[PDB]
Amino acid sequence: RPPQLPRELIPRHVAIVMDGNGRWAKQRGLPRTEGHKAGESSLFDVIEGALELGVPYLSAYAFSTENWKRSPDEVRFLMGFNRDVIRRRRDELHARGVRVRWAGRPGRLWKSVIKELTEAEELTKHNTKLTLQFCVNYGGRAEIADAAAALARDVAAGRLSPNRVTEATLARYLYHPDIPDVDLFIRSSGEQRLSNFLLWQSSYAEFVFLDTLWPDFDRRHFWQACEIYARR
Amino acid sequence: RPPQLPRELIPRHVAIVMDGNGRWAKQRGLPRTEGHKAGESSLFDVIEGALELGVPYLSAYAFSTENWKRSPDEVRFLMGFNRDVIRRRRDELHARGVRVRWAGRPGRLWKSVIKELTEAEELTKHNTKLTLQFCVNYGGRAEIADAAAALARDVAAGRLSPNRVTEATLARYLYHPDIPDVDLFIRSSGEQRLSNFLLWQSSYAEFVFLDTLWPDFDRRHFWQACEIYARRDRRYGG
């Protein structure tokens, strides 16, 4: 049962770093891969939690620009896995009124990962109950640099004056400019850091650090974080 | 006495948000302005703490462009006060080998505040023991927007191609590109937020939220935060 909070104190936009999948599997003598598999159900449970509480925006850090520093085998697994999650869940997401918005760069992602993400976006683009910003091959600095590059192209083409480049001008060139600022930034684990996640958007966000590893995270932990947010 | 940490575990760059000045003065039945006055000595004690431990970069959020909680009178006082602090302390900073770097916008900030900041920069520009990034009329978003604007001007003048803009390109247009990433981000009080401070630079920073009101903050609290940092597991996505 979701907590009874006044509408004013419910976060419009919650961002979740889904960390500790590896560490969780080690503590249980399971392979790292099984932590990520367990993490899938955490995400769909948190999506249900957001739908029930009426949080209109959820951003999930699925795959960082910095995850390319992990082993070849773990990258191969994380690519295949994020693809298979989106394929297996897209019907449910469409049915529950979730609009999937892929944030990140195509970069060195497999074509099959880009295809699934692009199709999930197209399928769900008319949904309005919850916007899921699914961040795959995403970095906050990369997003800002891509915003400055796109702004630079408009300046070169003479669509924009360089003397009117302001914070509102740059904000228009973010991956999803219609998605508002992060109100609440949840770090599942004890790690107290942004890790390059929605950097521009999190400037004024409340940070809530829980000790729950992501595979043990569910709608109750999400509801707790929203309760902490409301009492602030 | 500063704690005995290996060089590898000493933060290269510490950033501090100096909050709780008001609440501290209220607990002692003094006006909020007097807590800011008391906060001055906290900052110089933390600067001594950084010098002793050998932290080469310190950034202090002295004055945010956005002061939305603050009364007009407290904002008027904090402008005059950040000016008077820098004027009164610049010789001591010069003597201790602290290089002052002003981060922020000229904007609505009084000419007298800009003058004192600019003179402190000129006086201390050859120092190398500690770089103090004194952030006055500063915002993280404002700095990134000013970087994009300066990049835009180079593109309009044809000094730069628009088609090859990367993270490293944009980073060259930050206020002080020679100052490295924040390793450790200290929020003095219990308030858990960045408050729009060194946003680009803090991407992979360790956050330490202490409960100390800023006027009670001194080198020992700074040393404690550095000790907490030395125990942190930094991964940068690896």
# chains A, B, ... in the order shown; residues from 1 in each chain; ligands from 1
>>> select_by_dssp(residues="region 51-230 of chain B", states="alpha helix (DSSP H)", output="ChimeraX atom specification")
/B:51-53,72-96,111-124,140-156,167-171,219-230
>>> residues_around(residues="region 50-54 of chain A", least_positions_apart="5", cutoff="12 Å", atoms="only C-alpha atoms", output="JSON, numbers by chain")
{"A": [1, 2, 3, 4, 5, 6, 7, 8, 9, 10, 11, 12, 13, 14, 15, 16, 43, 44, 45, 59, 93, 96, 97, 98, 99, 128, 129, 130, 131, 132, 218, 219, 220, 221, 222, 223, 224, 225, 226, 227]}
>>> residues_around(residues="residue 204 (chain A)", least_positions_apart="5", cutoff="12 Å", atoms="only C-alpha atoms", output="ChimeraX atom specification")
/A:13,180-185,198-199 /B:66,139-141,191-197,199
>>> write_last_selection(atoms="C-alpha atoms", output="compact mmCIF listing (two decimals), in the first residue's frame")
# COMPACT_ATOMS: atom_id res chain seq x y z
CA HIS A 13 11.03 13.42 -11.11
CA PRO A 180 11.97 18.49 -15.96
CA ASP A 181 14.75 18.78 -13.32
CA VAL A 182 15.43 15.85 -10.94
CA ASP A 183 13.70 16.53 -7.57
CA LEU A 184 14.93 13.39 -5.84
CA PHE A 185 18.15 11.50 -6.64
CA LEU A 198 21.74 13.66 -15.01
CA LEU A 199 24.34 16.27 -14.01
CA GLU B 66 20.62 32.28 -6.48
CA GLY B 139 26.48 28.83 -10.40
CA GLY B 140 27.38 25.41 -11.92
CA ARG B 141 24.78 25.78 -14.71
CA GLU B 191 21.35 19.60 3.95
CA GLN B 192 21.96 16.80 1.32
CA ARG B 193 22.24 18.65 -2.09
CA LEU B 194 24.87 20.08 -4.53
CA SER B 195 23.10 23.49 -4.61
CA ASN B 196 24.40 24.07 -8.20
CA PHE B 197 28.12 24.07 -7.14
CA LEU B 199 28.47 20.70 -11.41
>>> interface_residues(of="chain A", to="chain B", cutoff="7 Å", atoms="only C-alpha atoms", output="count of residues only")
31
>>> atom_distance(atom1="CA of residue 83 (chain A)", atom2="CA of residue 113 (chain A)")
5.1 Å
>>> residues_around(residues="region 212-218 of chain B", least_positions_apart="4", cutoff="6 Å", atoms="only C-alpha atoms", output="list in words")
residues 18, 19, 20, 21, 38, 39, 42, 45, 46, 188 and 189 of chain B
>>> select_by_dssp(residues="region 52-221 of chain A", states="strand (DSSP E)", output="PyMOL selection string")
chain A and resi 57-64+98-103+130-138+184-187+206-209
>>> residues_around(residues="region 93-103 of chain B", least_positions_apart="2", cutoff="7 Å", atoms="only C-alpha atoms", output="mmCIF file with N, CA, C and O atoms, in the first residue's frame")
data_model
loop_
_atom_site.group_PDB
_atom_site.id
_atom_site.type_symbol
_atom_site.label_atom_id
_atom_site.label_comp_id
_atom_site.auth_asym_id
_atom_site.auth_seq_id
_atom_site.Cartn_x
_atom_site.Cartn_y
_atom_site.Cartn_z
ATOM 1 N N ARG B 89 42.147 39.823 4.124
ATOM 2 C CA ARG B 89 42.858 38.521 4.257
ATOM 3 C C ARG B 89 43.889 38.313 3.148
ATOM 4 O O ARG B 89 44.664 37.335 3.242
ATOM 5 N N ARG B 90 43.885 39.139 2.107
ATOM 6 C CA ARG B 90 44.677 38.837 0.875
ATOM 7 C C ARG B 90 46.176 38.761 1.219
ATOM 8 O O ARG B 90 46.841 37.841 0.706
ATOM 9 N N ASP B 91 46.685 39.643 2.090
ATOM 10 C CA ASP B 91 48.121 39.664 2.508
ATOM 11 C C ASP B 91 48.476 38.354 3.210
ATOM 12 O O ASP B 91 49.503 37.745 2.861
ATOM 13 N N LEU B 117 38.329 41.142 -5.528
ATOM 14 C CA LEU B 117 38.581 39.764 -6.043
ATOM 15 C C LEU B 117 39.738 39.819 -7.067
ATOM 16 O O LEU B 117 40.690 39.025 -6.960
ATOM 17 N N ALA B 120 43.116 40.595 -5.458
ATOM 18 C CA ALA B 120 43.580 39.396 -4.721
ATOM 19 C C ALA B 120 44.167 38.381 -5.713
ATOM 20 O O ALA B 120 45.228 37.795 -5.403
ATOM 21 N N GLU B 121 43.525 38.185 -6.870
ATOM 22 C CA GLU B 121 44.047 37.297 -7.953
ATOM 23 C C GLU B 121 45.437 37.792 -8.403
ATOM 24 O O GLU B 121 46.373 36.955 -8.481
ATOM 25 N N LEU B 123 47.627 39.909 -6.939
ATOM 26 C CA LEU B 123 48.590 39.828 -5.809
ATOM 27 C C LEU B 123 49.153 38.405 -5.676
ATOM 28 O O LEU B 123 50.352 38.278 -5.405
ATOM 29 N N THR B 124 48.324 37.364 -5.828
ATOM 30 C CA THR B 124 48.684 35.987 -5.399
ATOM 31 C C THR B 124 48.979 35.090 -6.611
ATOM 32 O O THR B 124 49.151 33.863 -6.394
ATOM 33 N N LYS B 125 49.048 35.645 -7.824
ATOM 34 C CA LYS B 125 49.060 34.831 -9.074
ATOM 35 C C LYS B 125 50.313 33.948 -9.198
ATOM 36 O O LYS B 125 50.220 32.979 -9.976
ATOM 37 N N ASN B 127 51.737 32.314 -6.535
ATOM 38 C CA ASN B 127 51.683 31.315 -5.435
ATOM 39 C C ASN B 127 51.315 29.929 -5.991
ATOM 40 O O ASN B 127 50.606 29.873 -7.033
ATOM 41 N N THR B 128 51.751 28.860 -5.316
ATOM 42 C CA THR B 128 51.592 27.451 -5.770
ATOM 43 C C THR B 128 51.311 26.467 -4.617
ATOM 44 O O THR B 128 51.086 25.281 -4.921
ATOM 45 N N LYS B 129 51.271 26.894 -3.358
ATOM 46 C CA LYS B 129 51.085 25.939 -2.224
ATOM 47 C C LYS B 129 49.630 25.436 -2.220
ATOM 48 O O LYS B 129 49.424 24.225 -2.082
ATOM 49 N N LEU B 130 48.675 26.348 -2.364
ATOM 50 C CA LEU B 130 47.222 26.059 -2.385
ATOM 51 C C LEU B 130 46.551 26.987 -3.395
ATOM 52 O O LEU B 130 46.834 28.200 -3.364
ATOM 53 N N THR B 131 45.721 26.431 -4.281
ATOM 54 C CA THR B 131 44.799 27.229 -5.125
ATOM 55 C C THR B 131 43.449 27.308 -4.414
ATOM 56 O O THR B 131 42.838 26.256 -4.195
ATOM 57 N N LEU B 132 43.049 28.511 -4.011
ATOM 58 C CA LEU B 132 41.705 28.790 -3.461
ATOM 59 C C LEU B 132 40.804 29.308 -4.587
ATOM 60 O O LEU B 132 40.991 30.455 -5.011
ATOM 61 N N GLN B 133 39.874 28.477 -5.057
ATOM 62 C CA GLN B 133 38.824 28.895 -6.022
ATOM 63 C C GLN B 133 37.694 29.493 -5.177
ATOM 64 O O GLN B 133 36.920 28.758 -4.540
ATOM 65 N N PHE B 134 37.643 30.815 -5.142
ATOM 66 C CA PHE B 134 36.680 31.593 -4.351
ATOM 67 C C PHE B 134 35.504 31.885 -5.276
ATOM 68 O O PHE B 134 35.623 32.716 -6.193
ATOM 69 N N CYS B 135 34.386 31.191 -5.052
ATOM 70 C CA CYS B 135 33.221 31.214 -5.979
ATOM 71 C C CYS B 135 32.216 32.255 -5.492
ATOM 72 O O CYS B 135 31.540 32.024 -4.481
ATOM 73 N N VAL B 136 32.191 33.388 -6.195
ATOM 74 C CA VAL B 136 31.379 34.581 -5.860
ATOM 75 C C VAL B 136 30.540 34.940 -7.081
ATOM 76 O O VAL B 136 31.138 35.160 -8.152
ATOM 77 N N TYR B 138 28.528 32.869 -8.421
ATOM 78 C CA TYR B 138 28.835 31.607 -9.137
ATOM 79 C C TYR B 138 27.593 30.702 -9.187
ATOM 80 O O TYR B 138 26.871 30.628 -8.185
ATOM 81 N N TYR B 175 35.533 28.202 -16.300
ATOM 82 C CA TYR B 175 36.162 29.444 -15.777
ATOM 83 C C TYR B 175 37.666 29.237 -15.579
ATOM 84 O O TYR B 175 38.433 30.132 -15.957
#
>>> atom_distance(atom1="CA of residue 100 (chain A)", atom2="CA of residue 134 (chain A)")
6.7 Å
>>> closest_residue(among="B:57, B:67, B:1, B:104", to="residue 178 (chain B)", atoms="only C-alpha atoms")
B:57
